[PDB]
Each structure stands twice: as C-alpha cells, then as structure tokens.
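Heads up, the thing below is written out as structure tokens.
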Amino acid sequence: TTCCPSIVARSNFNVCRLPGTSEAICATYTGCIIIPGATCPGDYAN
C-alpha cells in the first residue's frame, strides 16, 4: 500500500508511476511510503 504525506506528493507519485517506475523509487522521489498493511497513518494521509 502506498501512503503520501500531502496531495502534491501523491500527484507527483502518480506521474512517477506512469512510465512504470518501481513504487520504491517513486517513494524516495516524492516522500511517499510503502507499507505492508492497508491503513495509512495520519501523517501520510494522502
């Protein structure tokens, strides 16, 4: 599951994914995170 810190970061993440970039690279690129669960925390609400 991916969780993002802000709207901007999520929008950025989704563009990063368009060419097929791994989620892990898009995460460090944007400040989004990958978690094994499905429940994003309050400070990664977007």
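Just so we're on the same page: first chain in the structure tokens is A, next is B, and so on; residues restart at 1 for each chain, and ligands are numbered from 1 in the order they show up.
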- Message: Report as a PyMOL selection string all protein, DNA and RNA residues lying within 8 Å of stretch 8-18 of chain A, evaluated on only C-alpha atoms, omitting residues in the same chain fewer than 3 positions from it.
- Response: chain A and resi 4-5+21-23+26-27+29-32+46
- Mind checking DSSP for chain A and telling me the strand (DSSP E) residues as a PyMOL selection string? chain A and resi 2-3+33-34
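If you look at atom CA of residue A:37 and atom CA of residue A:20, they are 22.3 Å away from each other.
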- Taking the backbone alone, and naming residues the way the document does, which bits of chain A are alpha helix (DSSP H) by DSSP, as number ranges by chain? A: 7-17, 23-30
For N, CA and C atoms, I'd like the residues from the last selection saved as a compact mmCIF listing (two decimals), in the first residue's frame.
# COMPACT_ATOMS: atom_id res chain seq x y z
N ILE A 7 -1.01 16.06 -0.72
CA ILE A 7 -1.67 15.96 -2.04
C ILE A 7 -0.58 16.02 -3.18
N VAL A 8 0.28 17.04 -3.11
CA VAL A 8 1.37 17.28 -4.06
C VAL A 8 2.19 15.97 -4.24
N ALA A 9 2.55 15.41 -3.11
CA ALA A 9 3.39 14.22 -3.13
C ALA A 9 2.69 13.07 -3.85
N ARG A 10 1.40 12.88 -3.57
CA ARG A 10 0.64 11.86 -4.30
C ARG A 10 0.55 12.14 -5.79
N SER A 11 0.28 13.40 -6.15
CA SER A 11 0.19 13.73 -7.56
C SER A 11 1.52 13.43 -8.26
N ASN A 12 2.62 13.81 -7.60
CA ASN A 12 3.97 13.54 -8.09
C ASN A 12 4.24 12.04 -8.24
N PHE A 13 3.80 11.30 -7.24
CA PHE A 13 3.95 9.85 -7.25
C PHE A 13 3.25 9.22 -8.44
N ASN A 14 2.01 9.69 -8.68
CA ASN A 14 1.27 9.12 -9.80
C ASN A 14 1.91 9.41 -11.16
N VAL A 15 2.50 10.59 -11.32
CA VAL A 15 3.24 10.86 -12.54
C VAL A 15 4.49 9.95 -12.65
N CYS A 16 5.22 9.83 -11.52
CA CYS A 16 6.39 8.94 -11.50
C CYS A 16 6.05 7.53 -11.93
N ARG A 17 4.85 7.06 -11.56
CA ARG A 17 4.45 5.71 -11.90
C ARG A 17 4.08 5.51 -13.38
N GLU A 23 7.49 1.34 -7.38
CA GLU A 23 6.97 2.13 -6.27
C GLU A 23 8.06 2.61 -5.31
N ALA A 24 9.08 1.76 -5.07
CA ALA A 24 10.09 2.13 -4.09
C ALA A 24 10.88 3.36 -4.53
N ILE A 25 11.15 3.45 -5.83
CA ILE A 25 11.84 4.65 -6.35
C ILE A 25 10.92 5.86 -6.33
N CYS A 26 9.66 5.65 -6.71
CA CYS A 26 8.74 6.79 -6.63
C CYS A 26 8.53 7.27 -5.20
N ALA A 27 8.64 6.36 -4.24
CA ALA A 27 8.54 6.73 -2.83
C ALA A 27 9.68 7.64 -2.38
N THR A 28 10.93 7.21 -2.61
CA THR A 28 12.01 8.10 -2.21
C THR A 28 12.04 9.39 -3.03
N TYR A 29 11.53 9.35 -4.25
CA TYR A 29 11.49 10.55 -5.07
C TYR A 29 10.52 11.60 -4.54
N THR A 30 9.40 11.14 -3.93
CA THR A 30 8.34 12.03 -3.54
C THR A 30 8.13 12.25 -2.05
